[PDB]
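Provided below as structure tokens are two forms of one protein chain, presented individually as structure 1 and structure 2.
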Structure 1
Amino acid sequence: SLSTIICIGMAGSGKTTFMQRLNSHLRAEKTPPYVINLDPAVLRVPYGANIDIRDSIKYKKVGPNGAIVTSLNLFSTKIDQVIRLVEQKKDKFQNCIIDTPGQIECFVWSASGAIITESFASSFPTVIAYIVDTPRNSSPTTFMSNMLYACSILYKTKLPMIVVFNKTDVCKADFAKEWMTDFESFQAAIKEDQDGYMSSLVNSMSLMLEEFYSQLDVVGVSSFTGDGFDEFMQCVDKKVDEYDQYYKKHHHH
């Protein structure tokens, strides 16, 4: 009866600080999580990882990105053993929390990445937490990278996703709600009986937009203050009981 949260986001989005704050927030509710760290390159792991990749695999590399890639590969093979371990502890802990490496491509597009994700998907309800670097979200490369990576995950993983606009302590108040409002009011503008929107193309886009948006939820949080983490867990819990109905179809073993 345990559920899994997998933290993904570009370098600097604050995913390790986010996971620390999630841990601490969950500890506060007297429900500590099982923690898994899949970044080989990190110095510390906030509280302690119950399963940590690096004391399982040390390099002994034979560049700096392939060196991260390969580590994942090695890990992804003992995956069934890992799942056995977490399954044995599935009624002791309420949540399992997974940190991923900053080099995001190495996990989202890779096949050993997709295996780890699916192996978890097929054994527990699991939600993707997609951490976004909000105070620079509007920078064009960051926006494009985030749209492209996020949609790729939704597509290839076919898992529920919470978009986490992180670091709201230095961003526009009510950021997450105003983001959804502009996105939804955008979908609507798209659907109008005016010239420029009637085409089969614009109709295909509108559909594609709705299919992506409907899988995900949006929250803003500050990992520093713990502001927003209640709401985050609400979303997680929301996506969890829904998991039986919608997502279990796409994950067996």
Structure 2
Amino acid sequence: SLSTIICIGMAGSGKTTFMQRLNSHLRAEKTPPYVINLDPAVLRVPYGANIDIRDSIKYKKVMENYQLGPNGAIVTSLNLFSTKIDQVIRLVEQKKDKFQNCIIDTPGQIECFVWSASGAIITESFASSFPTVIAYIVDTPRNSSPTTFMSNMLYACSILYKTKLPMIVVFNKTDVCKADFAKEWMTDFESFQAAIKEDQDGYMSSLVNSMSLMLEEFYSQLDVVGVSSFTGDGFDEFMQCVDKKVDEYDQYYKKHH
């Protein structure tokens, strides 16, 4: 019965803080999740994790023993973990009627998780055993430039395609910067064309014009919410987007896994 929520997003966008607040929110609803941390580099985890990659794998140690830098040691830790993925999935399976959701925190860097073989295997394993939803975390205060916003959205699209999972775009940190502008840009594309024309010269506008149709087709697939992981604002709405995406998953997405 359990569904899996995988938090994915740019470093510093708030994945871990979002995870903490989601956890407290679900517990307050008397539906505490099963919590997994897959960031091997993190120093302390500000919530209780049921499975922590750092337990089986000592991140500094893999750095030293394998002689690689940050990105390498993160991906190596993920490889080692992915070795035990069958066991992990079975563990979650045992708990699948005791917990409404399994929620998963990922490495800080998005590409360490979705463009590594091992991260893709981990994701595929979860997708193949439970309804699984990608919560794509957006650092809202940093995406006010229309070109930055659009690049970020193209990236989310590529992730949507790569993972073949339903996506919820989560504009985080609304306590600093509200997400109205972005919702509008995704809803009324002529506003985005206006922002682009003002901000950027010429060809961009024209480019963005054709992309209007393409982007609209992307945005229709998404669910979209604004949250503050500091205040807990918007999380009820996120969980509604989760239930919707679990439904869609059943119909549309289950066939791909």
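We call the rigid core the largest set of C-alpha positions that still match within 1.5 Å between the two forms. Start at 1 and count along the sequence of structure 1; that gives the residue numbers used here.
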- Superposing on the core, which single option in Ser122, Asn73, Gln94, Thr142 has a CA shift of 2 Å or more between structures 1 and 2? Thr142
- Item | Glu29 C-alpha relocation of at least 2 Å between structures 1 and 2, rigid core basis | no
- Task: Determine, after fitting the two forms on their core, whether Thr225 shows a C-alpha shift of 2 Å or more between structures 1 and 2.
- Result: no
- Task: Could you tell me whether the Cα atom of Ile51 shifts by at least 2 Å between structures 1 and 2 after core superposition?
- Result: no
- Core-aligned Cα shift of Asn203 between structures 1 and 2, given in Å: 10.6
- Taking the rigid core as the frame of reference, how far in Å is the Cα of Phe175 displaced between structures 1 and 2? 4.7
- Item | Cα shift between structures 1 and 2 at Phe18, which is computed once both forms share a superposed rigid core (Å) | 0.4
